[PDB]
Amino acid sequence: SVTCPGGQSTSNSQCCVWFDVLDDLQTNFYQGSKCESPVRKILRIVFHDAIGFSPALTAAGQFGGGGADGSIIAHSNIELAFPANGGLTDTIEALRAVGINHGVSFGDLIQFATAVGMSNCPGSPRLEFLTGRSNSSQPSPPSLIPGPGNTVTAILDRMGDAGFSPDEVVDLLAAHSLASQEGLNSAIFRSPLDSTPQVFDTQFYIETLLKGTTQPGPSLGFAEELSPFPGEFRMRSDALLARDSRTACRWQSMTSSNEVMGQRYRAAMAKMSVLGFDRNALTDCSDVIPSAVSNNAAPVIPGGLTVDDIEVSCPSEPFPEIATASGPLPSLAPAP
Ligand code: HEM
Ligand SMILES: *[C@@H]1O[C@H](CO)[C@@H](O[C@@H]2O[C@H](CO)[C@@H](O)[C@H](O)[C@H]2NC(C)=O)[C@H](O)[C@H]1NC(C)=O
Ligand SMILES: [Ca+2]
Ligand SMILES: [Ca+2]
């Protein structure tokens, strides 16, 4: 059966080169298989690469984008000029080098580095990984990336054109559980979007629902809203989506189970990884992806706050029974 040069066993011979890029990335790009800034930047990158895909542009006789084709690396010179692609240069160049050095397509590489980065963060599911996307790409059309100051209708329409339902938009946002911002408000560099920027968990959903009480920096930044405790940043699109009637019940259902949240995120991400491709034409190499350590902590309403502080926005389903903590309000340190 197929054992690779290193003795590991896989489903197909096309998977063997990925054990090598797995060692490179873990040792170098992830600095000893860590869950820090490199994993966070790659998650913005996989999204901005795959979402440059528009059926509506195709239908209007215009090039609509190749989707998850790695065009953000190949055509970095035009894509990184886009409003949503700031602060990605250093990460795009380190990935370009692993791509050229191992002979793999940029589109596959972005998807692989996402599944490998996530396995370094506790609580993560094992993402599916498929190989075989062609390395040729055209530059993505401009303006296909949702922005933090857009209304909910604008975000749902763009995402709906790419193929996601309102529920999948909420599911995809579980990645803001491993997140911070650097360019919305530079005065509070790397301010976390939830209290556990290194744990893939339910806290992001709970904490964006909390009453915005605190201005974390000396002034408000682009599309910044008051957050529930010092050090945490709250982005206007995340505040709006937690509260809008079209997405509020899915958002609420994500607050109490890390199992359900992970299951749904893995499904939405498998769908995003093949935008512009035929899944059936790719080779499954998911067994190359290692398991992440399990997260054993239970969901909590932090720092003494209670259900009275969460702005319940699903008129049908009552808010889940989530534990409370007898804390003083936390002050979050920048994400590492
Ligand atoms: C509804 C659309 C979304 C909007 C408007 C949005 C917007 C943003 C913005 C403005 C930032 C801050 C970047 C910075 O200044 O450093 C951010 C960070 C982040 N976003 Fe999103 N996001 C959305 C969806 C997603 C999706 C689907 C993913 C990927 C699965 C993603 C992954 C991340 C991650 C992990 C970070 C943290 C980056 C870091 O800490 O350096 N986002 N997002
Ligand atoms: C994928 O396509 C890109 C070109 O778009 C290739 O990238 C170049 O590779 C050469 C050496 O192989 C480098 O010296 C260039 O600087 C690279 N250009 C860019 C824009 O990165 C890449 O080699 C191709 N990969 C595969 C597996 O065919
Ligand atoms: Ca692309
Ligand atoms: Ca988290």
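All values below come from the heavy atoms of this structure, side chains included, with hydrogens, waters and symmetry mates left out. One-based numbering along the sequence shown.
Within the 3.5 Å criterion, the main-chain N or O of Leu57 finds no donor-acceptor partner in the side chain of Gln62. Proximity of a side-chain donor or acceptor of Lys41 to a complementary backbone N or O of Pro38 within less than 3.5 Å is not detected. Between the side chain of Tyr30 and the main chain of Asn120, no donor-acceptor pair closer than 3.5 Å is present. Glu232 places no side-chain N or O within 3.5 Å of a backbone atom of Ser331 that could act as its donor or acceptor partner. Side chain of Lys34 to main chain of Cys121: no donor-acceptor pair is present (N/O by atom type, distance under 3.5 Å, no hydrogens or angles).
The SG atoms of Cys15 and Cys4 do not sit under 2.5 Å apart.
Following chains of ILVMFWY side-chain contacts shorter than 4.5 Å, one can reach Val307 starting from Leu209, so the two form part of one hydrophobic cluster.
Atom CD of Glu93 has more than 12 heavy atoms from other residues, nucleotides or ligands within 6.0 Å.
Of the N and O atoms on the side chains of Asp108 and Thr131, at least one donor lies less than 3.5 Å from an acceptor on the other residue. For the 3.5 Å distance criterion, the side chains of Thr208 and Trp251 qualify, holding a donor opposite an acceptor. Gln203 and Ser177 are not linked by any side-chain donor-acceptor pair at a separation below 3.5 angstrom, with hydrogens and angles left out of the test. For the 3.5 Å distance criterion, the side chains of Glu79 and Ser71 qualify, holding a donor opposite an acceptor. Side chains of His176 and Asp238: a donor-acceptor N/O pair is present below 3.5 angstrom, by distance only. Looking at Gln181 and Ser191, their side chains do bring a donor and an acceptor atom within 3.5 Å of each other. When only modelled atom types and interatomic distance are considered, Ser76 and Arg96 share a side-chain donor-acceptor pair under 3.5 Å.
Ion pairing between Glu224 and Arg236 fails under the 4.0 Å rule for side-chain N and carboxylate O. A salt bridge does not link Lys271 with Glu128: none of the charged nitrogens is closer than 4.0 Å to a carboxylate oxygen. Under the 4.0 Å criterion applied to side-chain N and carboxylate O atoms, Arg250 and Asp171 are assigned as salt-bridge partners.
Applying the 4.5 Å side-chain rule to ILVMFWY residues, one finds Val274, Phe277, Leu282 in the same cluster as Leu130.
A side-chain contact (heavy atoms from CB on, under 4.5 Å) with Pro122 holds for exactly one of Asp201, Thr196, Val293, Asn296; it is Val293.
Residues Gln111 and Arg133 have side chains in contact (heavy-atom distance under 4.5 Å, counting atoms from C-beta outward).
The salt bridge (charged side-chain N to carboxylate O under 4.0 Å, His left out) check on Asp161 picks up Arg158, with sequence neighbours excluded.
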